[PDB]
Amino acid sequence: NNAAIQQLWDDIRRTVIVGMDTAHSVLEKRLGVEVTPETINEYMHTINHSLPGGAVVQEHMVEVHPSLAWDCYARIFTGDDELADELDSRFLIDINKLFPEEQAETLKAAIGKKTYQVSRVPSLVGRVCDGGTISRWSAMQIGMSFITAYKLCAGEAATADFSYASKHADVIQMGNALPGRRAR
Amino acid sequence: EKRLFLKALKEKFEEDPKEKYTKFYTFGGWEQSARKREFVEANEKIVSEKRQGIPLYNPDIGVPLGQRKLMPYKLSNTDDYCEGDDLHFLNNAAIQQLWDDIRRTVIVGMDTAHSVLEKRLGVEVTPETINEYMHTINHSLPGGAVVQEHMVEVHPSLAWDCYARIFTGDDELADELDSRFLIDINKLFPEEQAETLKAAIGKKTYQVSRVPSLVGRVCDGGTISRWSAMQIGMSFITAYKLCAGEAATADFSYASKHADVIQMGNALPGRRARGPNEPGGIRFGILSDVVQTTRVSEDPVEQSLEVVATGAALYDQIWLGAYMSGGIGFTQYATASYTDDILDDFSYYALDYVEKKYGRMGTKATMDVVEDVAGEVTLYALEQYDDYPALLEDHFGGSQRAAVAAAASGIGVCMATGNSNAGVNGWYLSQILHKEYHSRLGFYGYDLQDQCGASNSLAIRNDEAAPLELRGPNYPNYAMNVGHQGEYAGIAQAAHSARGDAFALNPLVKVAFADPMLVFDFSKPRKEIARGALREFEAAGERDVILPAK
Amino acid sequence: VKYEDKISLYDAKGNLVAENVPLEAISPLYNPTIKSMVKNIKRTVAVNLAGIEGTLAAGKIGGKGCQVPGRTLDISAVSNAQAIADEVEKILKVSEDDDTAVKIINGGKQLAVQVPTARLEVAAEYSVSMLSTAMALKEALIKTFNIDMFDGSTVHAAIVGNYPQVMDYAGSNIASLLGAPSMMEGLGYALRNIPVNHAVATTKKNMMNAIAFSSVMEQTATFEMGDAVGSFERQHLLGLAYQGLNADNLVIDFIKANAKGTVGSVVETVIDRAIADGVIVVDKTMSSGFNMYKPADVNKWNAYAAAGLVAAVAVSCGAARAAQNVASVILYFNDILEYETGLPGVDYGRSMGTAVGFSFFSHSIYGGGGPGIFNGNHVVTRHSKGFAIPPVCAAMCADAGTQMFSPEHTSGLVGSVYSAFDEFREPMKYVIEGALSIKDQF
Amino acid sequence: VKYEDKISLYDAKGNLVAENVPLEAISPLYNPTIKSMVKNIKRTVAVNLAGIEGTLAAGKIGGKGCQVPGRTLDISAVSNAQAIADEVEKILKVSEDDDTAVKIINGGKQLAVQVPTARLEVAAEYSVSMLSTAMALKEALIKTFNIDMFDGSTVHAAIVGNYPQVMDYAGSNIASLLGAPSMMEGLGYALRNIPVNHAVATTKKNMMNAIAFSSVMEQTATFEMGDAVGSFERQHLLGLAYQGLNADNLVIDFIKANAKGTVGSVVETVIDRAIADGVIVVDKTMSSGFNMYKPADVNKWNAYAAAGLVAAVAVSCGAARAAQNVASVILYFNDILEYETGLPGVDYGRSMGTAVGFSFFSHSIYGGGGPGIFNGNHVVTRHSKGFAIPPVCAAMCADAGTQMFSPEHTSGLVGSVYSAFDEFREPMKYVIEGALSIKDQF
Amino acid sequence: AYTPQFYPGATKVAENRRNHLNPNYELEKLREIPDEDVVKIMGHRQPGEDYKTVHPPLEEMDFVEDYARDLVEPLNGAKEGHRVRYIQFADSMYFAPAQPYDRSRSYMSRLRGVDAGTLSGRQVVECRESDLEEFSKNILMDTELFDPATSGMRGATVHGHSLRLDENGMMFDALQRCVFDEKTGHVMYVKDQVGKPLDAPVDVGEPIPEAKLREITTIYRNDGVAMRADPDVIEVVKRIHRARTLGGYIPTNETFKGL
Ligand code: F43
Ligand SMILES: C[C@@H](OP(=O)(O)O)[C@H](NC(=O)CCCCCCS)C(=O)O
Ligand SMILES: O=S(=O)(O)CCS
């Protein structure tokens, strides 16, 4: 009977944090693509359109209604202040602005000079499906946005590298799976 | 030549379906589609109001959509057209309710509970007491608390879709029970089907519990069984007043909600970690039994194709394109199996060929009949693709073509022989013949199970052998790839439609889903999906009464 | 030797067998009998030929209420039985001097197959037994009756049942004492899967032998879980010796001293014996009397309390002749002992917590099942490391037929199969003999 | 005894070792070296002492990106590695002369512990080694550095990651070749859960030895899964002998014949050799002149095709010196062979389907990754019963450094620890030696 | 020795498939596109710069002594440590001279150390950059394997293999990377395969006439040549399927007597 408790659980369920540092290294050392804050801004613009369910490649797709995915955000935060300076504040979770000085310094020291992406897939996705859908949804949309923002081939070995990174190597799950007796 | 898919091609394409040339880049891009323009207007309003300027939908990035003519989609055997965006499972409430109704169903047998009540507990069980228990469980299952005003209860309007029903193979008990909450086998099924189902079920009584949709929305599918069990136990100890001890109550609890429980799906292991009542645990025979077209139709092809449509919408769209991948999804592949009468035409040709050559069920399953039927159906389907360029434009992906042709071949083989494994063998032969014919198949990893299939169709090894009715999305070959599982369910159904069977794997599931109280009517899945694509489907699970109007 | 502990071994009738037996002579890592029982449990499979025949005749393949029309095979599995057994043995046979026992049960309607150890020496787990037996049975059935190529899947479904889709043997007619390793409560929990009813049926409702069986299984499992390693090994060895094998005759002595007694009198006798043996001493006398007690031997005190717990269960459930008292007896034995002496109970409260689990699992509408289906591989009963389950075996042995989950209802086939082995039917006597055979090596 | 076909034996350099060796001499059920490898793989555990010290110093317990401020311990595990190893050996030792060893690796930076076999005889599965080693490590760390009673929890979290909450050792510093039993995708899949990178790192990037290791593990797993029993046993015996141990020097012969060739040339060589040896004969000549072939020996043809598949992978991925061609080579070797001869592929199409899924998930967004992260337990590569993974190991051995998820990135601790044992590092020569030892017993 | 027969069948399509599979068959030369034009169409690197390197040259790095690895001669691009790039094509279903599975089989039976993948909509090859450019220009571009109208090199947004041709007999392309010029009849490429525009359009030549396309295509069509007209290929496919089924059931010689 309480929509606030349901939304609490929905917001926790639909959150996945992906470390976008291994993917950048693949783009730099394997595909020979140069990653700059402008390219990251373009990528963020792309993924904020792709994660709710918009089309980026593969002509003739259908798309989900934007009204059903108004809560879907792809946010970026970084412990690197120089990179955080020239980043679009629309997609940036600013540690300096949201946290007091001592807490911001502690969080930056713990996180380090690393860049992370927070994907909040729509709540409707976790309501129709279960909670195991979220990581896969985020991984597919991250791969699509990567291949369409940097003008790469739609499918090669480096694509598998992106997919593996975003699926398990750099992903942070809110809750671990419970295989066996628990069965979840 | 007359083809069942001709009318849809006339409606979809402005040129002749046999015409080999057209013109492009003159449709204005995404503006040619009303759905895309509505999406753009919405995105603007949402961005400005709720998102505080954070962009959401930008058609100007990525592929320029609409360089070609975005075709509309018919729905097989239905005279209504819809855009492809309306058939996305997120934009279609009918598909969501299709999954909701299956997810929130648990069947519990109440014969051990009655026997324990009569003998161990010393309580008489009569049809009046059964009616009282049904009243109690119907009040208590959604959110109720019996004669306890101090207990927190769920808002009644929030669970209007929750029901508790009863059915039994005992005729006298059936007519002694209240018709308010009874699933009458005699009046829902034809006479011969009702007799077969009653003989299969026996003289036993079963209760069906439909947990409210909202419970499955908030939680997962493994919540349904626990909710049902808890409410059943409370209702049993509230309706029947018992003076025995607490240990006897534990024995009764086991007998009542841990003995004859039937679930829709099983839990999945490994990286597919999931609870029960998830679409990856539903076997193909179970899904064939869920669909109720054997009740209202004597046509075997239609009976198989309704199961194909339901299996596509579930396995390919929901299960694979969301539960396992996510994103825009795999709507394309599933709509290809139930949008135009392409698969209908192919399956009708396969049935006609089998009837003319071997008879409706006139041959035992041998390799030669499998090979010749599958080859003939595949060749017919591929030449149909060849000589109708509009058809090839409609099924632009190789996977959608391969799946349709192979499904036609498998349905034909199952018609000829009545064996589901022979049908799946014909499916695999069709797939490799298609590959050699067009020098093409589906996507990169579409035919993992089609190269492994021929050897695994009739295998007897531990992880390779299973009847097609007992297979499902957790079968190791079928675990990952799209464009197979719904057609596998259709082939499993066609194995029994040839014999005129009343059910495929579970009589209880068939009777339970014959219930008129379900929101999604499984007698006509394609019609209901068409209704949902038109925004005329009344789905459940909406929290309208606990949310602000502004 | 590393433990100076000595025990005297008594049989199930309370007679002395041997004195000054080293404590490690009963260790799972040394005792030959425990090794043999573990191997036999791993390699033994039970086949239900009558079930296979009935399932195939009616097309009853599937889990529960499932039945596939048209996929029915009419074969006489029970009628032949011996051609099938010979073929299965021939397939499973590895060498000539090879175990490979396939034996007829109940006049052909059941098979008791023992997979050779050669197939288990190159297996990382115990699941090879059931899989090999299922494959051999499928081949034997397909060859004996000339099954068509298009019905081998039906035969597989009748034998194993839903396995590739459902990762276990649900609707099958082949069974083993150990469940699937993917369906364990935790790592190393495989051996805590035999329920109390199976232990009682295997030993033919003999109290001391059922207690010995349950205790041996539970403590061997603790050795497998890494729990009985280092400082905890002595506590688990003493627990096994005193709770399962009736070391120093403590269980029989307490039962004899409390023939007409209650749980409180059993607690009193346990404390008296612990004081007389030097196990516990007086810590300090408070202002309001109540001399507190501290253990001069922590592990030995835990073992004495465990033996007293078994004796208390026997006394209470033999007075009531009902097996529904186990949960309360264990809970309030520990409670009374703790607030009587100021000492910790059995397993430092884990026994009491597991007894609370038993209580709420077998005594309410949120209860489920009875005490006969208790095992350590459950979320409710896993918390005590082999100190709360063996007394339930005494309780169910003392039951005078007032339980729905009686051993006859749930373990008939298990008893028929595993009662043929001497080490399973009388675990106490043969474990004692095996310990006697290795007395001098320490 | 029951198989009349003999094989020759060649080393990794193509030199003859012995002739007329019975096929069963390399069987997992008879070969002593395979039994020894399976026994030793279950009891060997890798310990990351430097990882433990780093995790405790920074409070990095809890897995990926997790820190618990305040739970920081400053210990010197790497400096006191000898004392820690001695304490762990004392804790794990069963009696005096068991096979308990804790060797020092990388100057104390790593530990390689082998729990005694006596601790595994009475265990149902293999998880006892990891749990026993974890407990021994916890006790040794608590007793060497006088860690406070309120910090043993931190020590436990440092050694095993989140084990009670997560049924695995994810954030911990303890590892083994085999995965946790909760990660198995099917019954009997314990030996299939060794990733390709682990096998390549264990064999120190030796192509023939990596092939032998992977093939031995996969075929022993097929024996464990019950697949290689009855009439399916000869097929897997020949597959292990020819693809994995180059019985008739087939692999080296094909590679030598195609030093500067393509996949099609390897296919032609395979067909020519099969015709010369009489394995395949001309079934019929079609109207178009196509010569359809049929196998005179089905299992021998399967073995020949598998050896040719390994050779083709070696040729192609050695020409490219990149391990991303594996899936394409495995797919199109079979694809060209089938339509060149009319004969079935390596595993009746099961290896082709595995190659199709491998190509998919190694070149797309839907999962997978580099070829080195796949295994027989993987949902993508579980479909071929031991005929597709050895080629992947060979290709990853031929790689020159174009993969990020290389063995160095993925298997650094496991590879370094398990390379110290000669049986794991050079399986080919020791399996040949064991077959020679049991040569005369058939 | 053994003389290969590559494919079955006696029809024209079967013969073309055999010729594509045959490594001793000389593909007919139709165009002359210079190497710089091909390189700039692929779009991986600008013609004039040195090749980027993914790992040091094989001589500089040291490897363990592996007898079975060092007796396969590596590609020139492999010993230079060149990065692995791709070339991708979409082949129309209307009598394109090369087809996805045909392309993959021919590449794997003709080129050394290449990774070929096939779909319905595209076919992709991955190899070391120098070798990739060399074999691409020599075989994939200026031979009968390429038709500028019915086959286009596309790295992304591949769509049109199954669509009807436009008014110029030219495949559909959303990105419009190649353009047909009416005043010459030549086809010009204005973008790279990914879609980045080029500084100057590159001429790839005239399209192949349809009549020639009919006799060099490797696809079975109800209008060109039907698979029903080549029973041998169907018989071989059915034999392979039956052999697979029998081997899956029971892999013994007695079971294969029912072949
Ligand atoms: C980038 C990939 C790699 C991958 O993992 N998936 C892609 C793209 C992906 C994205 C599309 C993202 C977007 O809208 O921009 C999704 C929706 C998966 C997801 N959840 O993100 C998808 N494909 Ni794909 N994908 C499809 C299809 C196809 C067919 C297209 C046939 C053709 O014309 O060439 C081909 C496979 C082929 O190799 O033949 C295909 C490829 C590809 N598909 C290739 C390359 C696309 C390219 O054009 O550059 N899809 C189809 O065949 C129809 C169904 C359709 C799926 C969506 C739906 O059902 O509406 C969609 C399903
Ligand atoms: C292979 C495996 O991927 P992982 O590498 O384990 O992450 C698996 N994916 C899938 O099954 C993808 C299925 C849906 C997308 C492909 C349909 S063609 C999974 O998520 O567990
Ligand atoms: O083309 S891929 O096989 O990568 C996926 C198709 S959606």
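Judging from the entry metadata, cryo-EM is the method by which this structure was determined, and 2.78 Å is the reported resolution.

Draft legend 1. Structural context of the UniProt feature "binding site: coenzyme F430 1" (unreviewed entry) in chain B. Within this structure's numbering, the places UniProt gives as "binding site: coenzyme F430 1" (unreviewed entry) are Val146(B), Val147(B), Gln148(B), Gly326(B), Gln332(B) and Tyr333(B). The largest pairwise C-alpha distance within this set of annotated residues, which runs over 188 residues, is 52.0 Å, so the set is dispersed in three dimensions. A polar contact is formed between the side chain of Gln148(B) and the backbone oxygen of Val146(B), at a distance of 2.3 Å. Within the element layout of this structure, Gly326(B) appears in the loop between α13 (300-325) and α14 (331-335). Residue contacts for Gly326(B): discarding those within four places in its chain leaves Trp137(A), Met140(A), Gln141(A), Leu320(B) and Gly321(B).

Draft legend 2. Representation of the coordination of the nickel atom of ligand 1 within the structure. There is one protein donor for the nickel atom of ligand 1, and it is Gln58(A) (OE1), at 1.8 Å. Around the nickel atom of ligand 1, the 6 donor atoms are arranged such that angles at the metal cover 45 to 163°; this shape is classified as irregular.

Draft legend 3. Focus on the interface of chain B and chain A. Chain B puts 68 residues into the contact, and the matching count from chain A is 52 residues. The three residues of chain B that bury the most area against chain A are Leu56(B), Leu90(B) and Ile328(B), which together make up 12% of that side's buried surface. At the junction of chain B with chain A, the criterion picks out 3 salt bridges. Linking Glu63(A) and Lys36(B) is a salt bridge whose minimum nitrogen-to-oxygen distance equals 3.0 Å. Summed over the shared surface of chain B and chain A, the number is 25 residue pairs in polar contact. At the level of secondary structure, the elements contributing two or more residues to the side of chain B that touches chain A comprise α2 (34-51), α3 (93-103), α9 (213-218), α10 (223-239), α13 and α14 of chain B. At 8 residues, α2(B) tops the list of elements feeding residues into the side of chain B that touches chain A. Of the residues assigned to the side of chain B that touches chain A, the class counts are 31 nonpolar, 20 polar and 17 charged.

Draft legend 4. Structural context of a negative patch on the surface. All names here are of chain B. Residues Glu-118, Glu-124, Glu-128, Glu-172, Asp-175 and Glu-176 make up a contiguous surface patch of negative charge. Take the negative patch: its biggest share by element is 3 residues, from helix α6 (residues 171-176). Counting through the fold element by element, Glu-118 comes out in helix α4 (residues 112-119). What makes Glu-118 partly exposed here is its relative accessible area of 44%.

Draft legend 5. The arrangement of the UniProt feature "binding site: coenzyme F430 1" (unreviewed entry) in chain E in detail. Residue and element names in this part refer to chain E. Residues annotated in UniProt with the feature "binding site: coenzyme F430 1" (unreviewed entry) correspond here to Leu-119, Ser-120, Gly-121, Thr-157, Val-158 and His-159. A compact arrangement is adopted by the annotated residues: their sequence extent is 41 residues, whereas the largest C-alpha distance between any two is 13.5 Å. Tracing the backbone through its elements, the reader meets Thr-157 in the loop between β4 (151-153) and β5 (178-180). Tracing the sequence through the fold places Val-158 in the loop between β4 and β5. Excluding residues within four positions of it along the chain, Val-158 makes contact with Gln-88, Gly-121 and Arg-122.

Draft legend 6. Geometry of the site of ligand 1. Residues in close proximity to ligand 1 total 31 residues, the closest being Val57(A), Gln58(A), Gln332(B), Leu119(E) and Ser120(E). In this structure, ligand 1 sits where chains A, B, D and E come together, each supplying nearby residues. Between ligand 1 and the protein, one listed contact pairs an oxygen atom with a side-chain N or O atom of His159(E) at 3.1 Å. Contributing elements (two or more residues each) for the shell around ligand 1: α8 (133-149) of chain A together with α14 of chain B. By residue number, the principal contributor to the shell around ligand 1 is α14(B), which donates 3 residues. For the shell around ligand 1, the per-class residue count stands at 16 nonpolar, 14 polar and 1 charged.

Draft legend 7. Highlighting helix α3 (residues 37-50) of chain A. Here α3(A) contains 14 residues, and its C-alpha end-to-end distance of 20 Å stays within 8% of the 20 Å for a straight helix at 1.5 Å per residue. Within α3(A) the residues assigned to the buried category are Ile40(A), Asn41(A), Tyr43(A), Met44(A), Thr46(A), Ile47(A), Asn48(A), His49(A) and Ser50(A). On the buried face of α3(A), the contacting elements are α2 (22-29), β2 (73-78), β3 (115-120) and α8 of chain A together with α2 of chain B.

Draft legend 8. Seen up close, the UniProt feature "binding site: coenzyme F430 2" (unreviewed entry) in chain E. In this structure's numbering, the residues bearing the UniProt feature "binding site: coenzyme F430 2" (unreviewed entry) are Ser120(E), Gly121(E), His159(E) and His161(E). The greatest C-alpha distance among the annotated residues, which extend across 42 residues, is 9.9 Å, indicating that they converge on a single site. Looking at the secondary structure, you find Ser120(E) in the loop between β2 (115-118) and β3 (123-128). Apart from the residues lying within four places of it in its own chain, the contact partners of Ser120(E) are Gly397(B), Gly398(B), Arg401(B), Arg440(B), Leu441(B), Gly442(B), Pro100(E) and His161(E). With respect to the helices and strands, the residue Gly121(E) is situated in the loop between β2 and β3. According to the relative accessible area criterion, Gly121(E) is buried, its value standing at 15%. When residues no more than four places from it in sequence are discounted, the contact partners of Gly121(E) are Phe89(E), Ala90(E), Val158(E) and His161(E).

Draft legend 9. The environment of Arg295(B), seen in detail. Residues and elements named next belong to chain B. Among the secondary structure elements, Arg-295 is positioned in the loop between α12 (284-290) and α13. Among the residues examined, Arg-295 registers a relative accessible area of 16% and is labelled buried. When near neighbours in sequence (up to four residues on either side) are disregarded, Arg-295 contacts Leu-188, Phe-189, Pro-190, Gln-193 and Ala-514. A polar contact is formed between the side chain of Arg-295 and the backbone oxygen of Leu-188, at a distance of 3.1 Å.

Draft legend 10. Broad picture of the nonpolar core. Formed by 429 residues in total, the largest nonpolar core has its most connected members in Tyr150(A), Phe167(B), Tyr242(D), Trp301(D) and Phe333(D). The element contributing the most residues to this core is helix α12 (residues 298-320) of chain D, with 16 residues. Ignoring sequence-local partners within four residues, the contact set of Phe333(D) consists of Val263(D), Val266(D), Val267(D), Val270(D), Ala305(D), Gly308(D), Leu309(D), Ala312(D) and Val346(D). Counting residues in hydrophobic clusters, the runner-up holds 154 residues, among them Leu23(C), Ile34(C), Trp301(C) and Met135(D).

Draft legend 11. View of the packing of aromatic side chains. For the coordinates displayed, the defined rule picks out 55 aromatic pairs over all chains. When the centroid spacing of 5.8 Å and the interplanar angle of 55° are considered together, the rings of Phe24(B) and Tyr25(B) count as tilted. With relative accessibility at 7%, the residue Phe24(B) sits in the buried group. Ring centres of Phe520(B) and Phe522(B) lie 5.2 Å apart, and the angle between their planes is 65°; this geometry places the pair in the edge-to-face category. Through successive ring pairs, a cluster of aromatic residues spans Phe284(B), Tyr315(B), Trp427(B), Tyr428(B), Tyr475(B), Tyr478(B) and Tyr488(B). Its guanidinium or amino end placed over the ring of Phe189(B), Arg295(B) lies 5.7 Å from that ring's centre, counting from NZ or CZ. A cation over a ring is seen here: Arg321(D) above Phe63(E), with NZ or CZ 4.8 Å from the ring centre.

Draft legend 12. A look at the sheet that holds β4(E). All names here are of chain E. Pairing is antiparallel in the open sheet, where 4 strands are placed in the order β2-β3-β1-β4. Edge strands, defined here as strands with exactly one partner in the open sheet, are β2 and β4. Direction aside, neighbouring strands of the sheet carry axes that sit 20° apart on average. Where strand β1 (residues 84-91) lies against β4, 3 bridges are found, and the strand directions are antiparallel. Note that in β4 the partner of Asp-91 across the bridge is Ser-151.

Draft legend 13. Representation of the sheet that holds strand β5 (residues 110-114) of chain D within the structure. All names here are of chain D. With antiparallel pairing, the 4 strands of this open sheet are ordered in space as β4-β5-β3-β6. Across the chains shown, the open sheet's two edge strands, defined by having one partner strand only, are β4 (101-105) and β6 (174-175). Taken together, the 2 bridges between strand β3 (residues 44-48) and β6 define a ladder with antiparallel strand orientation. Bridging from a neighbouring strand, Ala-46 pairs with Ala-175 of β6.

Draft legend 14. Fine view of the packing of helix α1 (residues 12-21) of chain E against helix α5 (residues 100-110) of chain E. Residue and element names in this part refer to chain E. At a minimum axis distance of 8 Å, the contact between α1 and α5 shows a crossing angle of 35°. Residues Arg-17, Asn-19, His-20 and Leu-21 of α1 lie in contact with α5, whose contacting residues are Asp-102, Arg-105, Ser-106, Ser-109 and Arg-110. Of the residues contributing to the contact of α1 with α5, the split by class is 1 nonpolar, 4 polar and 4 charged.

Draft legend 15. Representation of the site of ligand 2 within the structure. Near ligand 2 there are 19 residues, and of these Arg136(A), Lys167(A), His168(A), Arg271(B) and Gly368(D) occur at the shortest range. Those residues lying near ligand 2 are distributed over chains A, B and D. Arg136(A) is positioned such that a nitrogen or oxygen atom in its side chain is 2.8 Å from an oxygen atom of ligand 2. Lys167(A) places a polar side-chain atom, nitrogen or oxygen, 2.8 Å from an oxygen atom of ligand 2. Where the shell around ligand 2 is concerned, the elements lending two or more residues are α9 (157-169) of chain A, α13 of chain B together with α14 (350-361) of chain D. At 3 residues, the largest contribution of residues to the shell around ligand 2 is made by α13(B). Split by residue class, the shell around ligand 2 holds 11 nonpolar, 5 polar and 3 charged.

The rules behind each value
Residues numbered from 1 in each chain as written, not as in the entry; some residues may be left out. Chains lettered and ligands numbered in written order. Part of a larger assembly, values for the part shown. Heavy atoms only, no water. Residues with missing side-chain atoms left out of burial classes, pairs and counts. UniProt positions renumbered as here; feature names shortened; annotations may be inferred. Polar contact = N/O pair within 3.5 Å; in protein donor to acceptor, adjacent residues only side chain to side chain. Helix = DSSP H or I, 4+ residues; strand = E, 2+ residues; numbered from the N terminus. Contact = heavy atoms within 4.5 Å. Donors = N, O, S within 2.8 Å, 3.2 Å for Na, K, Ca; no water. Tetrahedral: all angles 85-135°; square planar, octahedral: opposite > 155°, others 65-115°. Buried area = accessible area lost by both parts, 1.4 Å probe. Salt bridge = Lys/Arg side-chain N within 4 Å of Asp/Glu carboxyl O. Nonpolar A, V, L, I, M, F, W, Y, C, P; charged D, E, K, R; others polar. Patch = residues over 30% accessible without salt bridge, like charges linked within 9 Å, V, L, I, M, F, W, Y side chains within 5 Å. Areas by Shrake-Rupley, 256 points an atom, 1.4 Å probe, with all protein chains shown as cover. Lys, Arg positive; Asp, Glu negative; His and termini not counted. Charge placed at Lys NZ, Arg CZ, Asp CG, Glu CD. Buried < 20%, exposed > 50% of the residue type's maximum accessible area, 1.4 Å probe, protein only. Near = heavy atom within 4 Å. Expected span 1.5 Å × (residues − 1). Core = buried A, V, L, I, M, F, W, Y, C linked by side-chain atoms within 4.5 Å. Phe/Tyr/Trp six-rings, centres within 6.5 Å; stacked < 30°, edge-to-face > 60°. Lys NZ or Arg CZ within 6 Å of the ring centre and 35° of its normal. Pairing = 2+ DSSP bridges. Axes fitted to C-alpha atoms, helices over the stretch in contact; angles between N-to-C directions.

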